[PDB]
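Inspection log for the structure reproduced underneath, given as C-alpha cells.
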Amino acid sequence: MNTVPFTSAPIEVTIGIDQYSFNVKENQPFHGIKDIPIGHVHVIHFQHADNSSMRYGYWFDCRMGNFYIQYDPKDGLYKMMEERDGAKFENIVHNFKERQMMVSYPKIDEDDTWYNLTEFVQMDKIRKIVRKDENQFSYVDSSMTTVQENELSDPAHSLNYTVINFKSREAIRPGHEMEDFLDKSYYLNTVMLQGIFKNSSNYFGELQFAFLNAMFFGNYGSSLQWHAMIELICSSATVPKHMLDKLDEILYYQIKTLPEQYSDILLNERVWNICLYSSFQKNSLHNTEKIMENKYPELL
Amino acid sequence: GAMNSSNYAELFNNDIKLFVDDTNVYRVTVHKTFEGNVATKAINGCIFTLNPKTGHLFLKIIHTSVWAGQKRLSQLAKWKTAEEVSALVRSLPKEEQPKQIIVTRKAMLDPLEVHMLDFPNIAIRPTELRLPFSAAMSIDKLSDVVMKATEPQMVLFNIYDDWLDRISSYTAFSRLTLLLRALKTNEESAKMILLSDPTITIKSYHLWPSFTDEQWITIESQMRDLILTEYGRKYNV
C-alpha cells in the first residue's frame with residue numbers, strides 16, 4: 001500500500017485519484033493519499049476551484065519510485081516530483097500518516113473497477129505515448145493534442161497515440177481497395193496487431209489509456225483515439241475470439257464508469273451505432289450492447 | 001468542398017477537371033422467373049467521365065461479364081467506377097491528369113478517395129448540382145457502342161462536337177445540360193425535337209445534329225419549353 005504525500009495544498013482544488021475525487025480547501029492541512037493499491041498504474045488529477053479550465057494530472061506506478069506532489073506558485077500547478085532519498089520520503093510519509101493528514105485510497109474490497117479499466121495499461125507504454133524521459137511519471141491535460149491532430153503543433157507536449165486512418169495507404173493494400181476499406185481485418189491483424197502493437201494486450205492498453213485520458217481530462221484527441229481503436233476492431237470481419245470477448249469486457253467497464261452527464265461529449269453516436277448495430281461485430285459485444293442500451297438509449 | 005451554383009465558372013477555368021457519373025455503370029432489367037420470383041439481368045453499362053472545359057468524354061464501357069459471380073453489385077459498381085477512373089488517371093500523362101474529380105453522386109466519394117490515395121493532390125469533390133448525366137444513354141451513338149460491346153472497352157468522344165469553334169465552354173456545357181435534362185424528362189419528345197427536320201443531319205464523327213447558330217437557338221427554346229411543360233404535369237402547377 002503506497003503513498004503520494006503532498007507538501008501542502010495552497011490553492012483550492014478538486015483532487016482525483018483514479019475514479020475517486022476529493023475537494024481540498026485553500027491552505028487546508030492536506031498531506032496526500034495513502035493505501036494506493038500496488039500492481040496498477042494510477043492517475044492523480046487536479047481541477048482548480050478558480051479555473052475549472054485545464055484538468056491536468058499524472059500517471060504513475062508506485063513500484064517505479066517515491067512520488068510526491070508540490071504546488072509550484074510560478075507555473076500555478078500541482079507538480080508530481082520523485083524523491084530519490086528513500087529515508088527522507090519514508091520519514092515524510094510516516095509523520096503525515098501519524099498526524100492523519102492523508103486521505104485513504106477508498107477502494108471497496110469487492111470492487112474491481114480500476115483493475116478492469118487499467119488491465120492492459122502499463123507505465124512503460126504510457127511513457128512512449130507521453131514523452132518526458134527524465135520523469136518516471138507522465139503529465140496529461142485537457143488541452144494536449146495528439147500526433148494525428150498535429151498532422152491535420154508543439155511536438156514535445158503531444159500524445160503519441162498510434163495513428164489510425166481508414167483512408168491511408170497504411171490501411172489499404174494497392175489492389176485491395178474495396179476489400180480493405182469495407183473489411184479492416186488486414187489493417188487490424190497485419191498492420192496494427194502483428195506490425196505495430198506486436199500483440200492485443202498492447203492494443204488494449206493504448207485503447208484503455210485513451211479512454212481514461214478522455215474521461216479524466218476531457219482530452220478530445222484521446223476520445224478520437226479510443227473511438228478509432230474500437231471502430232478498427234468492430235469494422236474487421238476476422239478478429240481473434242479472445243479479443244472480441246476481452247473488448248466486450250473492456251468497453252462494458254468503460255461505459256459503466258463514464259459519468260452519465262458526459263455521454264453527450266465523450267460518446268460518438270456514429271461510431272457506437274455502427275459498432276453495435278451495423279458492423280461485423282454487431283453481435284459480439286453482448287455486455288457492452290446491454291449496458292449501452294440501458295444507460296444511453298438516447299445516443300442509440 | 002462541394003461544387004454548386006456559387007462556384008459554377010470554376011468548371012471552365014484552366015485547371016483540368018473531370019466529372020464522374022456512375023449512374024449507368026450497373027444497369028439491370030427486372031423480370032419474373034418461371035417460379036414467379038423476381039430476378040435481374042444485367043446489361044452493358046458505362047462510366048461517364050467528362051472534361052467540362054474541352055468536352056472530352058472518357059466512356060468506359062462496363063461489360064456484364066464484370067458482374068459474373070459477384071455479390072452486392074450496386075456497392076461493387078461504385079468501387080469498379082473508382083478503380084476505372086483511377087486507372088484512367090494513371091494512363092494519362094502527368095500534364096493531362098485532372099487536379100479535381102467531381103462525382104455527381106456522394107456515394108462515389110469514399111470509393112474514389114480510397115482508389116486515388118496515390119494522388120493526394122487530386123481533389124475529390126461532390127457537387128450540389130443535379131446534373132442530368134444519367135441521360136447519356138439517350139444519345140444514340142453512346143447507347144449503340146455500350147450495347148454492342150462484347151468486352152470491356154474505353155471509347156473517346158467529344159460530347160460538344162465542334163461547338164467550341166463557335167461558343168465558349170460555359171455555353172457548350174449549358175447546351176449539353178439542357179439537351180440531357182430534356183432527354184431525361186421526356187426522351188421521345190426531345191429526340192423528336194432534335195431530328196424532326198430531316199435536312200439537318202449528324203455528321204459521322206459527331207453525336208448531335210449540325211445546327212446553325214440560329215437553329216441551335218430554336219432547338220434550345222424547344223428544349224426549355226419541353227422541360228417546363230413536363231414540370232407543370234409532374235407537380236400540377
Side-chain angles (χ1 to χ4, degrees), chain A residues 41 59 118-131 133 138 144-151 155 158-214 219 221-251 254 268 271 274-275 279-281 284-285, chain B residues 79 83 86 110-111 113-120:
Chain A
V41 301
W59 291 95
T118 61
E119 179 172 359
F120 299 102
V121 181
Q122 314 173 280
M123 262 319 305
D124 73 284
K125 299 312 201 309
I126 291 176
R127 293 180 72 236
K128 297 175 198 303
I129 296 167
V130 190
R131 310 197 155 289
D133 289 339
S138 304
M144 282 163 57
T145 56
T146 72
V147 162
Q148 174 165 68
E149 283 179 310
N150 293 345
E151 291 166 2
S158 288
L159 290 168
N160 304 279
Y161 294 121
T162 297
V163 176
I164 298 182
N165 176 5
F166 297 141
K167 296 192 283 188
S168 73
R169 173 51 65 215
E170 294 67 39
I172 307 284
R173 285 176 295 179
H176 305 250
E177 288 82 2
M178 179 184 197
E179 166 182 24
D180 283 353
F181 187 69
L182 289 181
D183 178 6
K184 315 213 183 273
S185 297
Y186 157 67
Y187 191 36
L188 174 64
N189 295 304
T190 302
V191 177
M192 288 287 160
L193 285 176
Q194 178 180 288
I196 295 183
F197 284 100
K198 302 312 179 174
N199 58 60
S200 59
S201 296
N202 290 339
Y203 184 98
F204 288 145
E206 184 168 326
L207 184 157
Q208 287 185 314
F209 184 53
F211 172 77
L212 291 171
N213 289 324
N219 187 273
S222 298
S223 183
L224 287 184
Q225 183 72 7
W226 177 52
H227 284 96
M229 302 191 72
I230 296 172
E231 186 166 5
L232 172 61
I233 295 174
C234 296
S235 301
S236 294
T238 305
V239 181
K241 314 75 168 52
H242 74 276
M243 265 191 82
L244 293 175
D245 285 342
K246 194 62 71 153
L247 181 60
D248 192 29
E249 291 305 313
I250 286 167
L251 296 181
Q254 290 173 339
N268 186 284
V271 167
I274 272 63
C275 290
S279 80
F280 288 109
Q281 307 302 342
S284 309
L285 308 176
Chain B
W79 293 87
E83 192 186 1
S86 179
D110 277 352
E113 168 168 10
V114 167
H115 271 280
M116 298 292 286
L117 286 171
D118 290 344
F119 294 99

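Just so it is clear, the values below take in all heavy atoms, side chains as well, and ignore hydrogens, waters and symmetry mates. Throughout, protein chains are lettered first and strands after them, A, B, ... in sequence-line order, and every chain is numbered starting at 1.
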TODO: Please test A/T162 against A/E206 for side chain to side chain donor-acceptor pair (under 3.5 Å), starting from the C-alpha separation and ending with a verdict.
DONE: CA-CA 8 Å; A/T162 297; A/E206 184 168 326; 3.3 Å; yes
Open item on the list: Go through it in stages, so that I can follow the logic: the residues are A/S138 and A/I129, the test is side-chain contact (heavy atoms from CB on, under 4.5 Å), and I'd like the CA-CA distance, side-chain angles, deciding distance and then a yes or no.
Closed with: CA-CA 9 Å; A/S138 304; A/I129 296 167; over 6 Å; no
Open item on the list: Using the rule given for ring pair (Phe, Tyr, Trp, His ring centres under 6.0 Å), can you reason through A/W226 versus A/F209, listing the C-alpha separation, both sets of side-chain angles and the distance that settles it, and then say yes or no?
Closed with: CA-CA 8 Å; A/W226 177 52; A/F209 184 53; over 10 Å; no
Open item on the list: As a quick check of understanding, evaluate side chain to side chain donor-acceptor pair (under 3.5 Å) for A/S168 and A/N165, giving each step before the final call.
Closed with: CA-CA 6 Å; A/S168 73; A/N165 176 5; 4.7 Å; no
Open item on the list: Under the criterion side chain to side chain donor-acceptor pair (under 3.5 Å), I'd like the reasoning laid out for A/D183 against A/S185: C-alpha separation, chi angles, the key distance, then a yes or no.
Closed with: CA-CA 6 Å; A/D183 178 6; A/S185 297; 2.6 Å; yes
TODO: Apply side chain to side chain donor-acceptor pair (under 3.5 Å) to the pair A/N202 and A/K125, showing each step before the final yes or no.
DONE: CA-CA 8 Å; A/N202 290 339; A/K125 299 312 201 309; 3.2 Å; yes
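Each of A/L193, A/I172, A/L232 was checked for a side-chain contact (heavy atoms from CB on, under 4.5 Å) with A/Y187, and the lone residue meeting it is A/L232. Applying side-chain contact (heavy atoms from CB on, under 4.5 Å) to A/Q225 and the options A/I164, A/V147, A/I230 leaves one that passes, A/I164. The side-chain contact (heavy atoms from CB on, under 4.5 Å) test with A/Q148 is passed by exactly one of A/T146, A/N150, A/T145: A/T146.
No side-chain heavy atom of A/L207 sits less than 4.5 Å from a side-chain heavy atom of A/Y161. The shortest distance between side-chain heavy atoms of A/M243 and A/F204 falls below 4.5 Å. Under the 4.5 Å side-chain criterion, counting only non-hydrogen atoms from C-beta, A/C275 is not in contact with A/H227. At a threshold of 4.5 Å between non-hydrogen side-chain atoms, the residues A/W59 and A/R127 do not count as touching.
A/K167 NZ: more than 12 foreign heavy atoms inside a 6.0 Å radius.
Taking the ring axis of A/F181 as reference, the NZ or CZ atom of A/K184 stays within 45° of it and closer than 6.0 Å to the ring centre.
Using a 30° and 60° split on the angle between ring planes, B/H115 and B/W79 fall in the tilted class, from 30° to 60°.
Taking 4.0 Å as the cut-off between side-chain N and carboxylate O, A/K246 and A/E119 count as a salt-bridged pair.
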